[PDB]
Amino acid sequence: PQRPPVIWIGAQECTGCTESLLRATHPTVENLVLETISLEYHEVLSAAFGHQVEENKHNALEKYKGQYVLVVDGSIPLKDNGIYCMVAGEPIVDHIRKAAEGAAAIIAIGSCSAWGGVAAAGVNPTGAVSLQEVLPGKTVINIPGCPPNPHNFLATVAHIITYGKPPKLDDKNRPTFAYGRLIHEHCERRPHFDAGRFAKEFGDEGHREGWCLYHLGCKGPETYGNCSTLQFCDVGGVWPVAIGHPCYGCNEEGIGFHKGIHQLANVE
């Protein structure tokens, strides 16, 4: 049978959001591209290059008009008329707005496209902004994290394919199955927080008993996500806090890349 089409464009990306797919198991990246979708444009994996791959993109935008999912990783730089990211001699903001015109659904994968992320931090050298800021007339589905667990993306695409609509979203257009709860309101170290059992430095006695990381700067009290339950890499038991390091707030605008690692979170 025919497979649902996808167009993937990278703006000011590090490629970590594409690389998340190479850790996925349900589906694996080979089953995603041979069975689940038709990946019509993706510069990291494409056999074609240069003029051939730009022709392939134009052909797919015409053939699949009103049908494809558009995915963007990385921030979009507006300073100096778009010149901080140029592909085929044109500002990436122009490639993204052209591709958005015919999209059935639009997804910002990662903190950079969802809210500006690391590339928009500090002084913001390039005037980097979010995908929603460049497409004010469109509903952008945000899948934040640096990078997210790849299944936060893959189960969102599967809901669009299988049931013909997006998953339920919060007021930041994030899927509720993945972002509907604070990490601290579903964390297995909450008993230690409640008892005042805290690690004070890495390698101290409390740290070596798996105690709460709040006083090392854990941002779980102010970050929405599924890192304590879904976790990462499908091996069991693997997320930052379980390994021994505080959450940094990478999902959440104003927390990750703004607050210091050891700065304390506000608690509701």
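Start at 1 and count along the sequence shown; that's the residue number.
Participant: Taking only the CA atoms, which stretch has the higher mean B-factor in the record, 229-237 or 199-207?
Facilitator: The stretch with the larger mean CA B-factor is 199-207.
Participant: Would 32-40 or 217-225 have the larger average of its C-alpha temperature factors, as given in the entry?
Facilitator: So the stretch with the higher mean C-alpha B-factor is 32-40.
Participant: Looking at the C-alpha B-factor values in the deposited entry, which of 165, 186, 192, 174 comes out highest?
Facilitator: It is 165.
Participant: Which listed residue, 145, 180, 116, 136, has the largest C-alpha temperature factor in the record?
Facilitator: Within the set 145, 180, 116, 136, 136 shows the top C-alpha B-factor.
Participant: Rank-wise, by C-alpha B-factor, drop residue 27 into the lowest, middle or highest third of its chain.
Facilitator: Lowest third - that is where residue 27 ends up once the chain's C-alpha B-factors are sorted.
Participant: Taking only the Cα B-factors deposited for this chain, tell me whether residue 110 sits in the lowest, middle or highest third.
Facilitator: As the PDB entry reports it, the C-alpha B-factor of residue 110 lands in the lowest third of its chain.
Participant: Pull the Cα B-factor of residue 78 out of the PDB entry and bin it into the chain's lowest, middle or highest third.
Facilitator: CA B-factor rank for residue 78: highest third.
Participant: Compare the C-alpha B factor of residue 140 with those of the other modelled residues in its chain, then answer lowest, middle or highest third.
Facilitator: Its C-alpha B-factor belongs to the highest third of this chain's values.
Participant: Among the chain's modelled residues, which third holds the C-alpha B-factor of residue 123?
Facilitator: Highest third, going by the recorded CA B-factors of the chain.
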